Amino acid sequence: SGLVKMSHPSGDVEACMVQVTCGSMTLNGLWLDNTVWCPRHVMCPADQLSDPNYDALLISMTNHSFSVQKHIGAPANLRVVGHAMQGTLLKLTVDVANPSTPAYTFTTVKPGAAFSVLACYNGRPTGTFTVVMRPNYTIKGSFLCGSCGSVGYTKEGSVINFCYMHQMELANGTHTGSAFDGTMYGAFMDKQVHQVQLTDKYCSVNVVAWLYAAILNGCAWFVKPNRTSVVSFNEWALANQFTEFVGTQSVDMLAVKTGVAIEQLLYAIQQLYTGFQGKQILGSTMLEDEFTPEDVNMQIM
């Protein structure tokens, strides 16, 4: 069917991973120029992790409280000379700028958008994969203990956009983290207390993209003349666990290429949601919302 889960080559980001340690707590960090980023629950002792006091934990610290090492590529003479708190992240200043710092930005990711994740353990990259920010502001990653501070990113021209630093696993196999302004996706708390997510929805625009990808690979039995307006679809969606459909130029390109209108697919989504009646789309019997329109454009062209 042509659609694999593709990630950005991780070499750029691999060169920026470090191990942050704070006493005997240790996790992963991002070394960009003279700054190391890592989640702030590294100051916390396991005992006090159930209801900690980060401002208290912070004034407790000085530069000497933190140690940063680099285990990958050229070794790791790193002296912390500054430290600040920023939302749920620590902002350490180190005395050596990273020579491997890529061109980069900090931007928050919206639901339905896809990014690449570099899973790291003790400052060592181990695996990469790709996730879609869910409507309930979680991601379904593969994160084992020691993975906090793993980094999520997308790439533009030469510009890496860092968008996600791992922090937590909720009661399902479900993860959340921070943007690089310190805020947490979905407003979860970096405290080991029971926290429930909101119910998830389908990303409508991605389901439309996948449907276009089927029409592009000669699977179009679900296409009829009938149409549902966008405004009509978004009303129906509020009551059916579906996100507002918001069009883009990527979607529009697929509409022109296949010659099938958005409104035709919004209608089909409404019929396929009640069940495929035992037929198959691209090898599947359920709606798929993990491929963005940009992905279909890249892979199917």
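The numbering used is simple: start at 1 and walk along the sequence shown.
Undergrad: Would you mind comparing 6-14 and 279-287 for me and telling me which has the higher average C-alpha temperature factor in the entry?
TA: If you average the C-alpha B-factors of 6-14 and of 279-287, the larger mean comes out for 279-287.
Undergrad: Would you determine, from the values in the PDB entry, which of 169-177 and 98-106 has the greater average C-alpha temperature factor?
TA: If you average the C-alpha B-factors of 98-106 and of 169-177, the larger mean comes out for 169-177.
Undergrad: What's the residue among 248, 28, 264, 53 with the greatest CA temperature factor in the PDB record?
TA: Answer for 248, 28, 264, 53: 53, with the highest C-alpha B-factor.
Undergrad: Whose CA atom has the top B-factor in the entry, of 258, 243, 35, 48?
TA: Top of the list by C-alpha B-factor: 48.
Undergrad: Of the three thirds of its chain by CA temperature factor, lowest, middle or highest, which one includes residue 135?
TA: Tercile = middle for this residue's CA B-factor.
Undergrad: In terms of the chain's CA B-factor thirds, is residue 222 lowest, middle or highest?
TA: It falls in the middle third of the chain.
Undergrad: Splitting the chain's C-alpha B-factors into thirds, which one does residue 205 fall into?
TA: Lowest third, going by the recorded CA B-factors of the chain.
Undergrad: Looking at the entry's B-factor column for C-alpha atoms only, identify whether residue 239 ranks in the lowest, middle or highest third of its chain.
TA: As the PDB entry reports it, the C-alpha B-factor of residue 239 lands in the highest third of its chain.
Undergrad: Considering every modelled residue of the chain and its Cα B-factor in the PDB entry, is residue 229 in the lowest, middle or highest third?
TA: Residue 229: CA B-factor falls in the lowest third of its chain.
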